[PDB]
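This report refers to the structure that appears directly beneath it.
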Amino acid sequence: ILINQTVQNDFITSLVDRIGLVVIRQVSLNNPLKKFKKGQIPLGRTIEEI
Amino acid sequence: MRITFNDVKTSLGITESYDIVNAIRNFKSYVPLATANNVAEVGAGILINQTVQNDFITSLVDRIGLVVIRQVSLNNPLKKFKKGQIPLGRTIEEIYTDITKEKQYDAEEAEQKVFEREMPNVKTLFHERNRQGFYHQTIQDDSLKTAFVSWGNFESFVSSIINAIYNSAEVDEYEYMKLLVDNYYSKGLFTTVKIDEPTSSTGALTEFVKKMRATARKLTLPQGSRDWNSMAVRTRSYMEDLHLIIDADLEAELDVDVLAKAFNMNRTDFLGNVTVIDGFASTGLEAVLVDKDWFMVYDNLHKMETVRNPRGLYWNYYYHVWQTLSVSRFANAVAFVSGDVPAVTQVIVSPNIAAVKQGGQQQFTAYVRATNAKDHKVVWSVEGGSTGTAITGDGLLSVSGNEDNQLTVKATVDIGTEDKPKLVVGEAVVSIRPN
């Protein structure tokens, strides 16, 4: 169910349902082209190739 | 509203000046650690540079102010409605076990049924209302530099920075209580008692006093009344636990005595059981008499945060208080109105929410809150829509087989005339389980 709703119980109609467990989904995404990366340039802007 | 250094000195376990700020805490080789009569040295050490100045002021304001305000808010006159932090898994559900008589001892009757249950616990939901706000204030660098001349200036500065927030919060608490009372009265869940303008003359005043005394005596009946409360569940109250919220004009017209003689208290122990507010701002509401456990307040959090403006050379500290307020649906609560209230206020169905099988039966009874002595007749309707699903005039409803829809029983009272644009109804939710 996308949204929880007040479920009327068969023994007491004055109470509601309670969450007994909370689970957090965690996934990690990568990039398969990272193997083609070169290094870093901390200083300067342009690169010259000869 | 006049908090001084004595209040903070009692709230904390320290005497006059302290070095706990630079004990919790490089910071060490900037300020002296002595608590002697010297103040110029500690002032210079604090004001040597902006990093130390900001760190000290942040620690002081945040920690000390938060602790002091939390400690002082828990001892205000209206602290008996204040609970601690909200418990985990409160489930927002209230369960009350209705009180009944005993069953006669009979072996022949007991031998047939021994596993049989008794009765549903008439569950209901809490009536909630949450609040969240902030006050905030500013402190200048000038009135921090001019605060280390003597040890009295420092404590005066601390008291000054606490007093504004404390008094504003204390004032707002009463307004929030009045708002909650107004909302509850507008919902129509009080039980009403008719009076006639107590401040109009002298006879009206004594008539109102006598009516209040009779109402309190009827509320505190040892055997139970069931006539009061938003749901007829037969609860009993206490002479020493009733609390009265009265209008400012009404209490000014009345005196401290005789009002307490109506109860069993004598002034000293009665002034702590009455709250005074200036006007109810709801039609003709005059004074509301509730049970002690009727109103409760929990606090979600209290927090204090500081930021610094360096261009303007100042600090801003914000105090955030979040808390929730709950009024119970089972405690006794009397409205004591003087207006044009209708003859019938509300009709209540005892079974409330019920569940039945596909071919079962159920008895529903209705209680009408009539402000007059005239008896009224109640008609029963089923709404829904099916074949064989009908309810008799005495409130017995039988469920026919092959039913899927969810149905609600309604009890209606008419107090109009040939043209009747006025209906008061009570709804009971009935669920069905396959057999």
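Following the order of the structure tokens, chains are lettered A, B, ..., residues in each are numbered from 1, and ligands are numbered from 1.
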Can you tell me which residues surround segment 169-178 of chain B at a distance of at most 9 Å, considering only C-alpha atoms, apart from same-chain residues fewer than 3 positions away, and format the answer as a PDB file with N, CA, C and O atoms, in the first residue's frame?
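What ended up in around_3.pdb:
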ATOM      1  N   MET B   1       8.100  36.190  35.738  1.00  0.00           N
ATOM      2  CA  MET B   1       8.409  37.155  34.690  1.00  0.00           C
ATOM      3  C   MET B   1       9.483  38.133  35.156  1.00  0.00           C
ATOM      4  O   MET B   1       9.870  39.040  34.421  1.00  0.00           O
ATOM      5  N   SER B  73      10.724  26.746  33.224  1.00  0.00           N
ATOM      6  CA  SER B  73       9.409  26.525  32.636  1.00  0.00           C
ATOM      7  C   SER B  73       8.671  25.368  33.294  1.00  0.00           C
ATOM      8  O   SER B  73       7.447  25.270  33.157  1.00  0.00           O
ATOM      9  N   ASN B  76       6.351  26.739  36.635  1.00  0.00           N
ATOM     10  CA  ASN B  76       5.353  27.788  36.539  1.00  0.00           C
ATOM     11  C   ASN B  76       4.049  27.321  37.185  1.00  0.00           C
ATOM     12  O   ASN B  76       3.861  26.125  37.422  1.00  0.00           O
ATOM     13  N   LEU B  78       1.082  26.788  36.136  1.00  0.00           N
ATOM     14  CA  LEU B  78       0.375  25.759  35.373  1.00  0.00           C
ATOM     15  C   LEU B  78       1.301  24.609  34.975  1.00  0.00           C
ATOM     16  O   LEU B  78       1.363  24.186  33.821  1.00  0.00           O
ATOM     17  N   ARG B 131       2.026  22.649  18.408  1.00  0.00           N
ATOM     18  CA  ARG B 131       2.499  24.013  18.238  1.00  0.00           C
ATOM     19  C   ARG B 131       4.007  24.003  18.048  1.00  0.00           C
ATOM     20  O   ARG B 131       4.705  23.135  18.582  1.00  0.00           O
ATOM     21  N   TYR B 135      11.058  32.727  19.317  1.00  0.00           N
ATOM     22  CA  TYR B 135      10.982  34.088  19.833  1.00  0.00           C
ATOM     23  C   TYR B 135      12.150  34.946  19.366  1.00  0.00           C
ATOM     24  O   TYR B 135      11.936  36.002  18.765  1.00  0.00           O
ATOM     25  N   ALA B 164      13.568  38.039  28.860  1.00  0.00           N
ATOM     26  CA  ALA B 164      12.672  38.315  27.742  1.00  0.00           C
ATOM     27  C   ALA B 164      12.066  37.031  27.193  1.00  0.00           C
ATOM     28  O   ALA B 164      10.838  36.908  27.054  1.00  0.00           O
ATOM     29  N   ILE B 165      12.920  36.052  26.888  1.00  0.00           N
ATOM     30  CA  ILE B 165      12.440  34.790  26.345  1.00  0.00           C
ATOM     31  C   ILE B 165      11.511  34.108  27.339  1.00  0.00           C
ATOM     32  O   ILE B 165      10.438  33.604  26.965  1.00  0.00           O
ATOM     33  N   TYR B 166      11.892  34.093  28.622  1.00  0.00           N
ATOM     34  CA  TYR B 166      11.070  33.388  29.601  1.00  0.00           C
ATOM     35  C   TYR B 166       9.679  34.005  29.704  1.00  0.00           C
ATOM     36  O   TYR B 166       8.668  33.288  29.683  1.00  0.00           O
ATOM     37  N   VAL B 181      -9.018  25.402  24.606  1.00  0.00           N
ATOM     38  CA  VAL B 181     -10.353  25.371  25.202  1.00  0.00           C
ATOM     39  C   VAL B 181     -11.399  25.838  24.196  1.00  0.00           C
ATOM     40  O   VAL B 181     -12.484  25.250  24.084  1.00  0.00           O
ATOM     41  N   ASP B 182     -11.089  26.900  23.448  1.00  0.00           N
ATOM     42  CA  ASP B 182     -12.015  27.404  22.437  1.00  0.00           C
ATOM     43  C   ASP B 182     -12.279  26.364  21.356  1.00  0.00           C
ATOM     44  O   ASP B 182     -13.425  26.175  20.934  1.00  0.00           O
ATOM     45  N   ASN B 183     -11.227  25.689  20.886  1.00  0.00           N
ATOM     46  CA  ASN B 183     -11.409  24.661  19.866  1.00  0.00           C
ATOM     47  C   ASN B 183     -12.269  23.517  20.386  1.00  0.00           C
ATOM     48  O   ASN B 183     -13.156  23.025  19.679  1.00  0.00           O
ATOM     49  N   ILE B 277      -8.426  33.930  32.776  1.00  0.00           N
ATOM     50  CA  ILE B 277      -8.130  34.444  31.448  1.00  0.00           C
ATOM     51  C   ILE B 277      -9.105  35.573  31.139  1.00  0.00           C
ATOM     52  O   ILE B 277     -10.201  35.647  31.695  1.00  0.00           O
ATOM     53  N   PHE B 280     -13.318  34.587  26.823  1.00  0.00           N
ATOM     54  CA  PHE B 280     -13.222  33.322  26.111  1.00  0.00           C
ATOM     55  C   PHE B 280     -13.311  33.483  24.601  1.00  0.00           C
ATOM     56  O   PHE B 280     -12.822  32.610  23.874  1.00  0.00           O
ATOM     57  N   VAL B 321      10.709  26.341  20.546  1.00  0.00           N
ATOM     58  CA  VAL B 321       9.991  25.426  21.423  1.00  0.00           C
ATOM     59  C   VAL B 321       8.897  24.736  20.617  1.00  0.00           C
ATOM     60  O   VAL B 321       8.030  25.398  20.035  1.00  0.00           O
ATOM     61  N   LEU B 325      -0.298  19.318  22.482  1.00  0.00           N
ATOM     62  CA  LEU B 325      -1.323  19.418  23.512  1.00  0.00           C
ATOM     63  C   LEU B 325      -2.436  18.430  23.199  1.00  0.00           C
ATOM     64  O   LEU B 325      -2.911  18.370  22.062  1.00  0.00           O
TER      65      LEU B 325
END
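In plain terms, chain B touches chain A through residues 89, 91, 92, 93, 94, 95, 120, 121, 122, 123, 124, 125, 352, 353, 354, 355, 356, 431 and 433 of chain B, where touching means an atom at most 9 Å away, counting only C-alpha atoms.
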Surrounding residues of residue 206 of chain B excluding itself and chain neighbours under 4 positions, 10 Å, only C-alpha atoms, as a list in words: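 Near neighbours after the sequence-gap exclusion: residues 198, 201, 202, 210, 211, 212, 254, 258 and 259 of chain B.
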Any idea what's packed within 9 Å of residue 155 of chain B, counting only C-alpha atoms, ignoring anything in its chain fewer than 3 positions away? Could you give it as a ChimeraX atom specification? /B:4-5,16-17,147,151-152,158-160
Export of prior selection with N, CA, C and O atoms as a short mmCIF file (atom, residue, chain, number, x, y, z; two decimals), in the first residue's frame:
data_model
loop_
_atom_site.label_atom_id
_atom_site.label_comp_id
_atom_site.auth_asym_id
_atom_site.auth_seq_id
_atom_site.Cartn_x
_atom_site.Cartn_y
_atom_site.Cartn_z
N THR B 4 15.61 36.60 38.26
CA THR B 4 16.83 37.27 38.67
C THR B 4 17.95 36.23 38.80
O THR B 4 17.77 35.06 38.46
N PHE B 5 19.10 36.67 39.31
CA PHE B 5 20.23 35.76 39.46
C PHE B 5 19.96 34.67 40.48
O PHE B 5 20.59 33.61 40.42
N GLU B 16 27.55 32.14 42.30
CA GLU B 16 28.04 33.40 41.72
C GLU B 16 28.87 33.08 40.47
O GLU B 16 28.37 32.37 39.58
N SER B 17 30.11 33.55 40.36
CA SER B 17 30.91 33.34 39.17
C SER B 17 31.31 31.87 39.05
O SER B 17 31.29 31.10 40.02
N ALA B 147 30.03 44.89 30.50
CA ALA B 147 29.43 43.92 31.40
C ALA B 147 30.45 43.19 32.27
O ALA B 147 30.05 42.29 33.02
N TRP B 151 31.32 41.81 39.09
CA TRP B 151 30.65 40.52 39.01
C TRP B 151 29.13 40.65 39.01
O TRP B 151 28.44 39.73 38.56
N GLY B 152 28.59 41.77 39.51
CA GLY B 152 27.16 41.98 39.45
C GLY B 152 26.66 42.31 38.07
O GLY B 152 25.53 41.94 37.70
N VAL B 158 23.21 38.21 32.36
CA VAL B 158 22.64 36.88 32.16
C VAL B 158 21.13 36.90 32.42
O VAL B 158 20.32 36.37 31.64
N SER B 159 20.73 37.53 33.53
CA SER B 159 19.31 37.62 33.84
C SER B 159 18.55 38.38 32.76
O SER B 159 17.43 38.01 32.40
N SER B 160 19.15 39.45 32.24
CA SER B 160 18.50 40.23 31.20
C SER B 160 18.32 39.43 29.92
O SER B 160 17.28 39.52 29.26
#
Taking the chain letters and numbering used in this document, name the residues of chain A that DSSP puts in helix (DSSP H, G or I), as JSON, numbers by chain. {"A": [32, 33, 34, 35, 36]}
Restricting it to N, CA, C and O atoms, dump the selection as a PDB file, in the first residue's frame.
ATOM      1  N   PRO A  32      31.065   3.080 -15.336  1.00  0.00           N
ATOM      2  CA  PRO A  32      32.060   2.148 -15.890  1.00  0.00           C
ATOM      3  C   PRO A  32      33.136   2.811 -16.733  1.00  0.00           C
ATOM      4  O   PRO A  32      34.125   2.147 -17.068  1.00  0.00           O
ATOM      5  N   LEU A  33      32.978   4.079 -17.093  1.00  0.00           N
ATOM      6  CA  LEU A  33      33.985   4.794 -17.861  1.00  0.00           C
ATOM      7  C   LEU A  33      35.052   5.439 -16.987  1.00  0.00           C
ATOM      8  O   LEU A  33      35.992   6.034 -17.526  1.00  0.00           O
ATOM      9  N   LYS A  34      34.943   5.324 -15.658  1.00  0.00           N
ATOM     10  CA  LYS A  34      35.924   5.953 -14.779  1.00  0.00           C
ATOM     11  C   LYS A  34      37.339   5.446 -15.029  1.00  0.00           C
ATOM     12  O   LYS A  34      38.304   6.143 -14.697  1.00  0.00           O
ATOM     13  N   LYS A  35      37.484   4.260 -15.621  1.00  0.00           N
ATOM     14  CA  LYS A  35      38.805   3.729 -15.934  1.00  0.00           C
ATOM     15  C   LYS A  35      39.557   4.597 -16.933  1.00  0.00           C
ATOM     16  O   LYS A  35      40.779   4.459 -17.060  1.00  0.00           O
ATOM     17  N   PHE A  36      38.862   5.481 -17.643  1.00  0.00           N
ATOM     18  CA  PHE A  36      39.489   6.344 -18.635  1.00  0.00           C
ATOM     19  C   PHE A  36      39.888   7.704 -18.078  1.00  0.00           C
ATOM     20  O   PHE A  36      40.381   8.545 -18.837  1.00  0.00           O
TER      21      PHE A  36
END
